[PDB]
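Asker: Can you read through this structure? Questions will come right after.
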Amino acid sequence: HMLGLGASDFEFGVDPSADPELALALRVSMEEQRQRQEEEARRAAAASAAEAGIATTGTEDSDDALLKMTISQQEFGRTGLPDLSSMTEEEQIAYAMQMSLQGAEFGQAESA
Amino acid sequence: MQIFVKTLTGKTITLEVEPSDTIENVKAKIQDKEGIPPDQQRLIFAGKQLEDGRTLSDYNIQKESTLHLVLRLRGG
């Protein structure tokens, strides 16, 4: 309609060197968006990595079986007494390793 | 809708406006609160200057939004 063409006159006819009030106002607004784009960019990095990352299966064919079979031979072995005459080197190892893996604080601390 | 406006002096003003309100009505509100002429007031957000003929909602400006106010001098 007219011959003024007001399009690239504000981002070139004056530039930030024409007024620091326009260069500073756009530098404060752009910075606020970057701090939000990152805080928001990583915010999704944890929302997607926790839902589509740790929230997945793997290879647990006999998970409870290892819990039952292992406690089945160890529980039936010990009942009203620490029957060791029937526990072999591995059966006794399960009993000796069961009380030793409960919390190895130190093992060497009596005099000093 | 309440919004905040930060001027070149780091001063932030909290005013009550609506999303259908135009930037011209927002400038008049800042004048009544401080005393600056709306013709010398400039509203800039997201690095883009808002047009007095546009409304806050047109610029995705929601409550608690922080806009930048600048003092326009006499330049033609």
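By convention here, the chains of the structure tokens are called A, B, ... in the order presented, each chain's residues are numbered starting at 1, and ligands are numbered starting at 1 in the order presented.
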Identify all chain A residues at most 9 Å from chain B by counting only C-alpha atoms; ligands do not count. Present them as a ChimeraX atom specification.
Answerer: /A:21-22,24-30,32-33
Asker: Would you please give, as an mmCIF file with N, CA, C and O atoms, in the first residue's frame, all residues of chain B that DSSP assigns to alpha helix (DSSP H) based on the backbone?
Answerer:
data_model
loop_
_atom_site.group_PDB
_atom_site.id
_atom_site.type_symbol
_atom_site.label_atom_id
_atom_site.label_comp_id
_atom_site.auth_asym_id
_atom_site.auth_seq_id
_atom_site.Cartn_x
_atom_site.Cartn_y
_atom_site.Cartn_z
ATOM 1 N N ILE B 23 -2.336 -3.935 24.812
ATOM 2 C CA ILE B 23 -1.117 -3.336 25.425
ATOM 3 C C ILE B 23 -1.361 -1.849 25.712
ATOM 4 O O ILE B 23 -0.799 -1.287 26.630
ATOM 5 N N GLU B 24 -2.202 -1.214 24.939
ATOM 6 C CA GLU B 24 -2.486 0.230 25.180
ATOM 7 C C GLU B 24 -3.155 0.394 26.547
ATOM 8 O O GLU B 24 -2.854 1.307 27.294
ATOM 9 N N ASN B 25 -4.051 -0.496 26.882
ATOM 10 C CA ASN B 25 -4.732 -0.409 28.205
ATOM 11 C C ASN B 25 -3.737 -0.747 29.314
ATOM 12 O O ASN B 25 -3.814 -0.230 30.413
ATOM 13 N N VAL B 26 -2.790 -1.603 29.027
ATOM 14 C CA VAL B 26 -1.776 -1.965 30.061
ATOM 15 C C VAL B 26 -0.856 -0.767 30.308
ATOM 16 O O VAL B 26 -0.507 -0.455 31.431
ATOM 17 N N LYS B 27 -0.476 -0.081 29.261
ATOM 18 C CA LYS B 27 0.404 1.110 29.427
ATOM 19 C C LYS B 27 -0.331 2.169 30.246
ATOM 20 O O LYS B 27 0.229 2.778 31.138
ATOM 21 N N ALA B 28 -1.589 2.381 29.960
ATOM 22 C CA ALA B 28 -2.371 3.389 30.734
ATOM 23 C C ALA B 28 -2.419 2.975 32.207
ATOM 24 O O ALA B 28 -2.406 3.803 33.099
ATOM 25 N N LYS B 29 -2.464 1.692 32.464
ATOM 26 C CA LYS B 29 -2.502 1.213 33.876
ATOM 27 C C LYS B 29 -1.166 1.516 34.558
ATOM 28 O O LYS B 29 -1.122 1.922 35.706
ATOM 29 N N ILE B 30 -0.077 1.338 33.857
ATOM 30 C CA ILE B 30 1.250 1.633 34.469
ATOM 31 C C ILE B 30 1.364 3.139 34.713
ATOM 32 O O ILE B 30 1.903 3.576 35.708
ATOM 33 N N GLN B 31 0.846 3.934 33.814
ATOM 34 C CA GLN B 31 0.906 5.413 33.999
ATOM 35 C C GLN B 31 0.165 5.803 35.283
ATOM 36 O O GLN B 31 0.691 6.496 36.129
ATOM 37 N N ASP B 32 -1.056 5.359 35.427
ATOM 38 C CA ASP B 32 -1.838 5.700 36.651
ATOM 39 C C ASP B 32 -1.106 5.222 37.910
ATOM 40 O O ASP B 32 -1.265 5.781 38.980
ATOM 41 N N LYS B 33 -0.310 4.190 37.797
ATOM 42 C CA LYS B 33 0.421 3.675 38.995
ATOM 43 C C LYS B 33 1.715 4.465 39.225
ATOM 44 O O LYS B 33 2.096 4.733 40.349
#
Asker: In terms of the shortest atom-to-atom distance over only C-alpha atoms, which of A:109, A:60, A:15, A:98 is closest to residue 74 in chain A?
Answerer: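 Using only C-alpha atoms, the shortest distance to residue 74 in chain A belongs to A:98.
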Asker: How many Å lie between CA of residue 53 in chain A and CA of residue 68 in chain A, rounded to one decimal?
Answerer: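 Distance reported for this atom pair: 29.1 Å.
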Asker: Have a look at CA of residue 12 in chain B and CA of residue 65 in chain B and let me know their distance in Å, one decimal.
Answerer: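 Going from CA of residue 12 in chain B over to CA of residue 65 in chain B covers 11.4 Å.
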Asker: Between CA of residue 3 in chain B and CA of residue 62 in chain B, what is the distance in Å, rounded to a tenth?
Answerer: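 Computed distance, CA of residue 3 in chain B to CA of residue 62 in chain B, equals 7.8 Å.
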